[PDB]
Amino acid sequence: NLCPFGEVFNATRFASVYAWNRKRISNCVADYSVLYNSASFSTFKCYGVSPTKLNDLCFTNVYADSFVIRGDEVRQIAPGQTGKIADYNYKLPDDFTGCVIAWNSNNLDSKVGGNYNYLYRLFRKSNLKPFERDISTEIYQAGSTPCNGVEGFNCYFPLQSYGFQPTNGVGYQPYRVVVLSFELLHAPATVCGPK
Amino acid sequence: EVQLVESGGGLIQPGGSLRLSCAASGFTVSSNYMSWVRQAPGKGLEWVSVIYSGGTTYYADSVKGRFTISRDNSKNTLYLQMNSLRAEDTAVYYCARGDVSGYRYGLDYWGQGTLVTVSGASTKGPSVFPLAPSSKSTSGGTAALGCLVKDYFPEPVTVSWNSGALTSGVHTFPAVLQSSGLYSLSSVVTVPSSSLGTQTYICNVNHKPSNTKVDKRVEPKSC
Amino acid sequence: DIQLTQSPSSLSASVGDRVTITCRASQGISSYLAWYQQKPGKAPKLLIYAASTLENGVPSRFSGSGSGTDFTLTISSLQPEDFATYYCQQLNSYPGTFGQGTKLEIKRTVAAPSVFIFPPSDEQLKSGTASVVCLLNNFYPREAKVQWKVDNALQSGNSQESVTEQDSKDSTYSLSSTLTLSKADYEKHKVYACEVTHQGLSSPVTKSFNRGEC
Ligand SMILES: *[C@@H]1O[C@H](CO)[C@@H](O)[C@H](O)[C@H]1NC(C)=O
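Residues numbered from 1 in each chain as written, not as in the entry; some residues may be left out. Chains lettered and ligands numbered in written order. Heavy atoms only, no water.

Student: What exactly am I supposed to notice about the pattern of salt bridges here?
Tutor: A side chain with one charge may pair with a side chain of the opposite charge, provided their charged atoms come close. Residues and elements named next belong to chain A. Using the criterion set out here, one finds 23 salt bridges over all chains in the structure. Here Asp134 ties to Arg121 by a salt bridge, and the two come within 3.6 Å at their closest N and O atoms. One end of the pair, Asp134, is in the loop between strand 7 (119-121) and strand 8 (140-141); the other, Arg121, is in strand 7, with 13 residues separating them in the sequence. No difference in accessibility class separates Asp134 from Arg121, as the two residues are buried. (Salt bridge = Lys/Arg side-chain N within 4 Å of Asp/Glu carboxyl O. Helix = DSSP H or I, 4+ residues; strand = E, 2+ residues; numbered from the N terminus. Buried < 20%, exposed > 50% of the residue type's maximum accessible area, 1.4 Å probe, protein only.)

Below you can see the structure in the form of structure tokens.
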């Protein structure tokens, strides 16, 4: 009956940020002290909650969203932020209640020559709504002539491969990110801390 | 055919405001990342601002809080509102299609550029002085002479010799901006020293902003 | 914070030569780099993007290479229209820093400058300022040092210089140096001299006059 946080944080593979992963966590006892007393995270920021008080809290459901971005984009995973990530890949609402946790994953997610498996959406006409996920790969029309699935002039592939190399500057290295959203509805609480 | 046509540049005093335009053709401004890049006189390139299709904007630290990038989807035009202008904002400003952060494509199409001069200097015509040939120490066949075109604003000035009849051996130097905020420039010409007594040498200086036309006869100095 | 070091600042070449321009990033930036060509009075033109992708329309003699920190631009067989300034640009993060630039100039035989000194005119002296001019005419290469001396005291902070573009007929440069003094300061000294150092001169050439035609 322990919440499967190891499944999320210690997953062998992480999703690309554009195709971000969501794991519904429910009907379990959650020990957030396992995460909070661990000095393995470069980012651990909470909104609407105190990180120490998490063990004495109950929620209807907890969502754990995970993906990979550069270190310099981790700042975009917070309410009220702008940039290619917050705008076209993963958007937190202004009323966000939850925690954002990150750590450098260069030893797992970068390879000599470049890891072209991690991607981000570079092109999108309008910003994503909060918690919206767009996995479309259709050719992006940057002019008046239709693309018709053909890449070329004013016709872009919307996603860009990060191409993580171990020789990248630390802010350009891959970072694994887990976002915990805490949901509180007029329904029974399925996720409580150790009581 | 991709076209980026700019307008709005000109002379402005420090603390003043200016708005630059960039009408585009061959792509949709609102669907692209669009940037402003500037080049100070005799210097390199500097990215200034970017607008995303979704509306996000970024600015270089030096213009943050003073400049505003914007667009008009109906006119397919990009704008740069420049407030609280400083003398260091003096540059040719280019609009370009593209972004500079996580954008491998670079800036593929650029406008022709528009000069923005930020200065407290008054428009003034130049004083024209002779750089008299050294007759007191005649060289072995060739003498040099010229005109010092000093203290004018703004650029440019045009210099000719003997109303265009003397072109060979002429060097009109690029102007230097002095600490006063006025320009100074020299125009020189190498000629046979044998011609110093028999040929008249006159530099014709034109400075259109002040309606100035000066002809200066350059003679070997009397002793 | 990424620093881009472009080298060389100046590159001397002939038509038909294979030329390489280098750009070094202070940290790994993968293939986020572009190369541009700019001609005087004209806008920059994209040659290469994504470190090695030739922009459409750009001649095949232009090619980019490198990934991480070290990037090169190669022009395999130089054409007259290739003499221009080249710039690298990082596309990894804001502010998309450009390199300092590489002026690609025309190689020719070494030529010493002809040096001329001009005292201030009497007309200028009447209005209170004295401009002393040193002209270095038709020299090659571009590197030259002008040292002003007033009564043997080396002058610093009171001169400005200007250089012409490479001559379209003989490929030389000409340089003007102006020493600006007040009339009162000008009249406190006798010997005005502008010492020129250049590769074409065996030793530095000095041109001088004594104030009041002495
Ligand atoms: C992940 O693995 C490490 C090492 O086995 C372990 O100490 C840590 O508690 C695990 N993380 C979670 C969230 O279970």
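Student: How should the site of the ligand be read in this particular structure?
Tutor: All names here are of chain A. Inspection of the region around the ligand gives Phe5, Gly6, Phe9, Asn10, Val34 and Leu35 as its neighbouring residues. One of the side-chain nitrogen or oxygen atoms of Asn10 is found 2.3 Å away from an oxygen atom of the ligand. In isolation the ligand exposes 360 Å². Once the protein is present, 41% of that is buried. Residue assignment for the shell around the ligand shows that the elements contributing at least two residues are helix 1 (5-9) and helix 2 (33-36). Looking at the shell around the ligand, the element that brings in the most residues is helix 1, giving three residues. (Near = heavy atom within 4 Å. Polar contact = N/O pair within 3.5 Å; in protein donor to acceptor, adjacent residues only side chain to side chain. Areas by Shrake-Rupley, 256 points an atom, 1.4 Å probe, with all protein chains shown as cover.)

Student: Before we go on, may I ask you to explain the pairing of strand 6 (residues 98-104) of chain A in this structure?
Tutor: Residues in a regular strand point their side chains to alternate faces of the sheet. Residues and elements named next belong to chain A. The buried count for strand 6 comes to six of seven residues, which makes it a mostly enclosed element. In this sheet, strand 6 lies alongside strand 3 (residues 43-47) in antiparallel orientation, the contact comprising five bridges. Across the sheet, residue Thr43 finds its bridge partner in strand 6, namely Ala102. Here strand 6 pairs with strand 11 (residues 174-183) via seven bridges, running antiparallel. (Pairing = 2+ DSSP bridges.)

Student: Sorry, what's going on with the interface of chain A and chain C here?
Tutor: Often the size quoted for an interface is simply the accessible area lost on bringing the parts together. Facing 13 residues of chain A, the contacting portion of chain C comprises ten residues. Of all residues in chain A, the largest losses of buried area upon contact with chain C belong to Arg70, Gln165 and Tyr172 of chain A, amounting jointly to 53% of the total for that side. Counting across the chain A and chain C interface gives zero salt bridges. At the boundary of chain A with chain C, the tally comes to five residue pairs in polar contact. (Contact = heavy atoms within 4.5 Å. Buried area = accessible area lost by both parts, 1.4 Å probe.)

Student: Explain the interface of chain B and chain C to me, please; I cannot follow it from the model alone.
Tutor: Contacts between the two partners involve 48 residues from chain B, matched on the other side by 42 residues from chain C. For the pair chain B and chain C, the two sides together bury roughly 3600 Å², of which 63% comes from carbon and sulfur. At the junction of chain B with chain C, the criterion picks out three salt bridges. Counting across the chain B and chain C interface gives 17 residue pairs in polar contact. At the level of elements, strand 4 (34-39), strand 5 (46-51), strand 11 (127-131), strand 12 (142-152), strand 14 (170-172), strand 15 (176-177) and strand 16 (183-192) of chain B are the ones that each hand at least two residues to the side of chain B that touches chain C. Grouping the amino acids of the side of chain B that touches chain C by side-chain chemistry returns 27 nonpolar, twelve polar and nine charged. (Nonpolar A, V, L, I, M, F, W, Y, C, P; charged D, E, K, R; others polar.)

Student: When you look at the sheet that holds strand 17 (residues 202-207) of chain B in this model, what are you seeing that I'm missing?
Tutor: Residue and element names in this part refer to chain B. Reading across the sheet, the three strands line up as 13-17-18 and stay open at both edges, with antiparallel pairing between neighbours. Lying at the two open borders of the sheet, with one neighbouring strand each, are strand 13 (158-161) and strand 18 (212-217). Here the strands of the sheet are splayed against their neighbours by 15 degrees on average, with no regard to which way each runs. (Axes fitted to C-alpha atoms, helices over the stretch in contact; angles between N-to-C directions.)

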